[PDB]
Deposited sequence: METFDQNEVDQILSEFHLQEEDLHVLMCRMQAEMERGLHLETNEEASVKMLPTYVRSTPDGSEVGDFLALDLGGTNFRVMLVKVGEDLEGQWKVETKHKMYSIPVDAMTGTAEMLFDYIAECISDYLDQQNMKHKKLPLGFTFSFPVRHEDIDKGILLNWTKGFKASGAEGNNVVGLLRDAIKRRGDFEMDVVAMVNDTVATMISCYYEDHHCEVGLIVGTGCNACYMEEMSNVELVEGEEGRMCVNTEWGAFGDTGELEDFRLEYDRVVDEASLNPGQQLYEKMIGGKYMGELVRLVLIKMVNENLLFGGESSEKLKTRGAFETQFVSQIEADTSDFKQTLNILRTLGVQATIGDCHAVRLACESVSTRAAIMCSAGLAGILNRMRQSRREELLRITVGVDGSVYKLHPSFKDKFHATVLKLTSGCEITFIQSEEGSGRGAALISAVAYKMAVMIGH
């Protein structure tokens, strides 16, 4: 009774603890934005091509790439004002036929032809050196990687230049997609298997881009928050066991606490802890439950959304090879509840730290801003979203936050961006 409450209390965090977490996040953001200490900073704060600069570029400008069989579709997306000065987005495209030799040939000559099609259409539209945000959608026939191969193809030509940050990720793609429908959206967030965030930072604050005027989307890569030890007084023993047992010992610490990848693993370790203390399952678990990765993350989501009769809970634990009691299922649910709640409040602190930064940097006593969101654990997990929303609003005092989910049924990345852009054009 009280024994299981003392075990699950290690995950609990007070409102004061969430405050230091978001302030320590802000410090790592500032450290990553500075050119001096960006090398050793845990949070890189990587600059992108998504920008609102006086050179004509706007948020929503995008070059979408889509390969399918032997067809290659380049899509030019440009946003701006019309005659009335009202917001407007345009869409253009062109089809290409991949040579049979290039399809069977090595990846080099594939991207060589790809880069050739890109250069050809950019010259035709006169935007070859505008450095537009890039995105790839692949679908080959049934018989650092993609950006690196495209860079090498452009280098082999040499008629234009591309950077390693040219290709946007799914987080940035979420921001742009939601921006097309709500232009107050200046923050992107994905809380799925992994966790990342992006926001519109003042150009003058970004020292990794030689520019002083305008704004630019900053891909934080904040999953590595705590890699330099500034999160050690927030990480429990279960978190350390998970880390050392992973494929990257010491990396992505923050992501391993709020991400869904090791959510089931954390619950499993806690369950085993209770079993060894004779608080669960009579003191013995099946050989299955004692194996790493046996307790899936989807299990956690289902148990948290189950009735009081524990229909699904009993069903899952039966599959794991354990006849659980009603009291056991209650203890397991609380364990699932404890881990997911910590993930929700810490992810809230991070986002609140970003929002508070923007508010302080834009000199507004009331920041009107929309946050685009996506991810399996945000969308599907029941109690997560509400606990998330409540905790930001509690920590973002001085901001009016609106949340909108990505358009379901359009996909991720470039596919999502292209679909929403085409919808706003028509």
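Got a list of the deposited-sequence ranges with no coordinates? The deposited sequence has unmodelled segments at 1 to 5, 149 to 171, 455 to 458.
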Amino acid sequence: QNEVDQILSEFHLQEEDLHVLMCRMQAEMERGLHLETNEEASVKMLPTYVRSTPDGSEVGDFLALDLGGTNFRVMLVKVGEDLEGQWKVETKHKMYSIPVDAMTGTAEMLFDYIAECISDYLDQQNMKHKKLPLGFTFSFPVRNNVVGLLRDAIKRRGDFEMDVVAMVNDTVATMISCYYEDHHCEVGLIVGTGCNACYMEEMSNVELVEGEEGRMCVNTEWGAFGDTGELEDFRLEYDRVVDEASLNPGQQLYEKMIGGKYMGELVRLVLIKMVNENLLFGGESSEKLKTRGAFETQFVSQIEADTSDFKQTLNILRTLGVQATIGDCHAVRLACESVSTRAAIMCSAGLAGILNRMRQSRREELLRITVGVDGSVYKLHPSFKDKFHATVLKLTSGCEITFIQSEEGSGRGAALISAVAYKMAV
From here on, numbers count along this sequence of modelled residues.
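I need to verify one thing: averaged over C-alpha atoms only, is the B-factor higher for 286 to 294 or for 200 to 208? Comparing averages over the C-alpha atoms only gives 286 to 294.
Given 103 to 111 and 339 to 347, the range whose Cα B-factors average higher in the PDB entry: That would be 103 to 111.
Between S376, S42, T37, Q26, which one tops the list for Cα B-factor in this entry? Spelled out: the listed residue with the top C-alpha B-factor is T37.
Per the entry's Cα B factor values, which of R31, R51, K385, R368 stands out as the maximum? Highest C-alpha B-factor among the listed residues goes to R368.
Sorting by Cα B-factor within the chain, modelled residues only, which third would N71 end up in: lowest, middle or highest? For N71, whose C-alpha B-factor we compare with every modelled residue in the chain, the answer is the highest third.
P141 CA temperature factor, ranked by third within the chain: According to the entry, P141 has a C-alpha B-factor in the chain's highest third.
Thinking about Cα B factors across the chain, which third does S301 belong to? Middle third - that is where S301 ends up once the chain's C-alpha B-factors are sorted.
Where does the C-alpha B-factor of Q14 rank in its chain, lowest, middle or highest third? As the PDB entry reports it, the C-alpha B-factor of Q14 lands in the highest third of its chain.
Going by the entry, which third of its chain does the Cα temperature factor of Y96 land in? Its C-alpha B-factor, which the entry lists for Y96, ranks in the highest third among residues of this chain.
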